[PDB]
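Residue numbers (the working numbering), protein chains in the order written: chain A, 335 to 562; chain B, 335 to 562; chain C, 6 to 14; chain D, 6 to 14.
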Amino acid sequence: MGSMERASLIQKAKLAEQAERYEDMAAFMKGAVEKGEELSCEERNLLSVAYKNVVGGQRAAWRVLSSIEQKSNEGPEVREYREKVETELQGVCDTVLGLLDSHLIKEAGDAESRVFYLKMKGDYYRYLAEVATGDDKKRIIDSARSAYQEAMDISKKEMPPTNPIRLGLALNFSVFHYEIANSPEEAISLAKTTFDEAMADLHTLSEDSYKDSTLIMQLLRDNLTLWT
Amino acid sequence: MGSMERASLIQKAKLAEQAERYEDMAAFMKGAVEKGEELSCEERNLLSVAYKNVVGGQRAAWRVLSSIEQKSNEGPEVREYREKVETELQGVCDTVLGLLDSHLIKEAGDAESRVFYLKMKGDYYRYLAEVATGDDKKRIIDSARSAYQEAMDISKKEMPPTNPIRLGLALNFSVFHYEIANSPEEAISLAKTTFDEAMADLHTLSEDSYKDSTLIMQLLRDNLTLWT
Amino acid sequence: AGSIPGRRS
Amino acid sequence: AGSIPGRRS
Ligand SMILES: *Cc1ccc(S(=O)(=O)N2CCCCC2)cc1
Ligand SMILES: *Cc1ccc(S(=O)(=O)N2CCCCC2)cc1
Ligand SMILES: [Cl-]
Ligand SMILES: [Cl-]
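This is how it looks when you write it as structure tokens:
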């Protein structure tokens, strides 16, 4: 997208979202990141929405194919096609991780941007971990953990307990503990503490901030209900 | 897909459908058609499902973008991006039309296959017509009409009035008349006659065929309710 | 006006 | 277990 203006890429990413063209949206936002300027809050959200939708469809397809493959192991085509989808998913995760490493994280100095990008880094390593098999699974899991932990440390020092990014980070790190790291008790403790500390800070919020924070709190509660 | 076996392409198209990976499904079925053998009934349905889903998402996106563009005419980015989606849609329609012309239609001798492919030819010219502007719109509209009419002539001679392909052909040709050809009275007359002649033939059908035919009859009725 | 959905084999 | 949906800006 090197020949298109930054502002035109951002405008087209918003159009692509309205058209539910998430592959295009991700390509526009990759082009925008590669212009080299930092991203605003709204631009960070466009980048994240685009890739979450792309990789979310890949993950759903990989899970369907992995389930068919496991049943068949109870010709080579199911494994071949699961491998094709898996390689495509890994390529998208590697692309997002490469944007974060070149150079979104290193230029992110405010807590809101740095936490946002480190949460994304944890998420995309988590998606790599979902499809990883063996000892490389261990290093990928540790990369997710390390990114989430750095984001947690910053968020607890610099943001209030109701901040939606802080809440979504804690939600996704709790999912990491439950689903990836085989640490359900850590998942439950993090979700409970996060929920309780947010509850106690709701009194400080406007009506609109209250709505934003309570929405994510309900997701934490939904997981606690499933896990307990 | 030249190096993959025909049977493996068909197997992967079925997996791609289960995974909701319709672009992959269409590419597998294109590869299967290009093996040069005729398609069975189930294989024709896989080809049609794959491309209908791909082009259906493109059409939905084109309509969103065209609506935004029309509101803006009441920078160049909206038009540019609508044009990009439009060109991609046209390319998919041209690909399907090229499969039908090289060489699915000419090898199709049984009524069931020939009607199926001619209905597809009408449909993909109809999708081209939806985005066409001007005098080339006229030739594209006539190409759709001609394909649908040849399919209608064969279907009325060779299939019973409850045959699901005959019914779906009549449904889609009625939509062509209403939405493309500016002939709502022709659309209504075709849908009514098709419905009534199918009703009178339901007594000949098994329970399972009855269910197949009445489902499409309800679609004809749904359009008549919207149009009258 | 609806055409054949035709999105599922 | 649900993560942030995060599919809509
Ligand atoms: C043109 C056409 C395609 C498919 C059919 S069907 O196999 O009877 N079926 C598929 C879509 C869901 C409803 C009916 C009929 C006509
Ligand atoms: C990680 C994360 C992303 C987005 C948000 S949010 O902007 O508050 N929002 C978007 C998805 C729908 C629900 C909440 C929070 C955390
Ligand atoms: Cl900075
Ligand atoms: Cl033949």
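Beta carbons are placed, not taken as given, at the ideal position from N, Cα and C, and that holds for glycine.
Residues of the stretch 390–421 of chain B that bring their beta carbon within less than 7 Å of a beta carbon in chain C comprise 390, in sequence order. Take residue 453(B), set aside five residues on each side of it, and the residues of its chain with a beta-carbon closer than 6 Å to its own are 485, 503, in chain order. Listed by position along chain A, the residues whose Cβ is nearer than 7 Å to that of residue 346(B) are 411, 415.
Inter-residue distance for residue 556(A) and residue 7(D) is about 8 Å (C-alpha atoms, whole angstroms). In this model, residue 532(B) and residue 352(A) are separated by some 41 Å (Cα to Cα). At a threshold of 6 Å, residue 370(B) does not count as near ligand 4, since its beta carbon sits no closer than that to any of the ligand's heavy atoms. In the DSSP annotation of this structure, the continuous segment of the alpha helix (DSSP H) that includes residue 531(B) starts and ends at 518–533. Using a CB distance cut-off of 7 Å, residue 455(B) does not count as an interface residue toward chain C.
Straight-line measurement puts the Cα of residue 537(A) at about 27 Å from the Cα of residue 509(A). Residue 500(A) has a beta carbon lying at 7 Å or more from every beta carbon in chain B.
Scanning the stretch 385–444 of chain B for uninterrupted alpha helix (DSSP H) segments of 4 residues or longer gives 411–433, listed from N- to C-terminal end. Closer than 6 Å to some heavy atom of ligand 4: that does not describe the Cβ of residue 492(B). From the beta-carbon of residue 519(B), no residue of chain C is found nearer than 8 Å; the closest lies around 14 Å away.
For ligand 4, no non-hydrogen atom lies closer than 6 Å to the CB of residue 411(A).
Classified as exposed, residue 469(A) has fewer than 16 neighbouring CB atoms from the shown chains inside 10 Å of its CB. Counted as a single uninterrupted DSSP element, the alpha helix (DSSP H) harbouring residue 498(A) occupies residues 498–509. For residue 488(B), the enclosing alpha helix (DSSP H) starts and ends at 469–492. Inclusion of residue 9(C) in the 6 Å shell around ligand 1 follows from its C-beta lying nearer than that to a non-hydrogen atom of the ligand. With contacts defined by Cβ atoms closer than 7 Å, residue 343(A) and residue 365(A) form a contacting pair.
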